[PDB]
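Structure, as structure tokens:
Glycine gets a Cβ as well: all are built from the backbone with ideal geometry, and neighbour counts include every protein chain shown. Please treat every number below as a calculation from the coordinates, not as lab data.
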Amino acid sequence: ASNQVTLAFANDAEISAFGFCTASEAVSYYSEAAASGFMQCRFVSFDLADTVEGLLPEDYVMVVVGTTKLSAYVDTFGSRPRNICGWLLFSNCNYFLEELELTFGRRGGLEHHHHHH
């Protein structure tokens, strides 16, 4: 229902994208994109990373994780969380549509010390 979003799954030989300098800027842009139905974004599965153009590892994007139920939060493109699914990227590439149930939240910047997770 409310957490079910229709997403444009990237389906294109090349995926040109841009990301964000800061987490807060990414949070703003993804929030507006969500309110507008996410047509500004593409779900890019993590195995398609080598086809993405325009992003560097330090760029902030929306990462999607989960082996079953899905979570999404802002983090760097280079991050490799447990059970990464891929990303929502700002891109105009060709697509097909699928609905995902997605919980959007915040994960970054909660730890001062280093830990093994």
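The residues packed around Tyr60, meaning those with a beta-carbon under 13 Å from its beta-carbon, carry a net charge of -2 if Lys and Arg are +1 and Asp and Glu are -1. Rounded to the nearest 20 debye, the dipole magnitude of the chain is 400 debye, with +1 charges on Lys and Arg beta carbons, -1 on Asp and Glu beta carbons, and the Cα centre as origin. Full extension of the segment from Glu53 to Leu70, taken as 0.36 nm per residue of separation minus the current Cα-Cα distance, would add 3.6 nm.
Expressed as an acute angle from 0 to 90° and rounded to the nearest 10, what is the orientation of the C-alpha long axis of helix 23-35 relative to the principal long axis of the chain? Taking the Cα atoms of the chain, the angle to 23-35 is about 40 degrees. Computed from backbone phi, the HN-Hα couplings of region 106-116 come to 10, 10, x, x, 9, 10, 7, 9, 8, 9, 8 Hz, rounded to whole numbers (Karplus: 6.51 cos²θ - 1.76 cosθ + 1.60, θ = phi - 60°; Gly and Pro given as x).
The phi-based Karplus calculation (6.51 cos²θ - 1.76 cosθ + 1.60; θ = phi - 60°) puts the 3J(HN,Hα) values of region 86-96 at x, 9, 9, 10, 6, 7, 9, 5, 4, 8, 10 Hz, whole numbers, x for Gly and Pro.
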